[PDB]
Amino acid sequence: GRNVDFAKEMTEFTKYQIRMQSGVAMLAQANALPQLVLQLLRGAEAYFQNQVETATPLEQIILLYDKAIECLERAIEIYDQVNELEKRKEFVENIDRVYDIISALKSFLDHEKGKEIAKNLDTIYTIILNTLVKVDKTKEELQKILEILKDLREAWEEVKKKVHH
């Protein structure tokens, strides 16, 4: 899992860069299109979750990380059970949602304003997308991606705190 391991290392210094320049990090990432945010959070469900409309730009980013993490956690839980049709169904559905969310996050990056932070986020996201589509992606690779997303979510939470206080 060389590629995902590279992303793990890059996350270590990218979270540092985000901490050093919280303003730049916000400019880099907090450019979500609200219509796309609502659609991604709903997925195939019959209802939009409460109060998404009142979420700030940074809060919408955090909500997308929350949902990606939730879906990836579920996919990891059932990874070894995909011999069963219904388990494979749920696994593929969740992996596809993670792919859609990460794709959207990558599309929101402002490179002119975001500079090195935006470059490194794009690289991390690209590695994740390439891994998610791999037919023979391993459970270990998915677990490392989960850790990356949790670490980055924590970074965004700190950015939010710094902007608001």
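Each residue number is its position in the shown sequence, starting from 1.
Q: Per the PDB record, is the mean Cα temperature factor higher over 49-57 or over 63-71?
A: Comparing 63-71 with 49-57, the higher mean C-alpha B-factor belongs to 49-57.
Q: Averaging only over Cα atoms, indicate whether 32-40 or 97-105 has the higher B-factor in the PDB entry.
A: Result: 32-40.
Q: What third of the chain, by the recorded C-alpha B-factor, contains residue 155?
A: Middle third - that is where residue 155 ends up once the chain's C-alpha B-factors are sorted.
Q: Relative to the other modelled residues of the same chain, rank the CA B-factor of residue 110 and answer lowest, middle or highest third.
A: According to the entry, residue 110 has a C-alpha B-factor in the chain's middle third.
Q: Going by the entry, which third of its chain does the Cα temperature factor of residue 85 land in?
A: Highest third of the chain for residue 85's C-alpha B-factor.
Q: According to the PDB entry, is the CA B factor of residue 134 in the bottom, middle or top third of its chain, that is, lowest, middle or highest?
A: Top third by C-alpha B-factor.
Q: Based on the deposited C-alpha B factors for this chain, I'd like to know if residue 142 is in the lowest, middle or highest third.
A: According to the entry, residue 142 has a C-alpha B-factor in the chain's lowest third.
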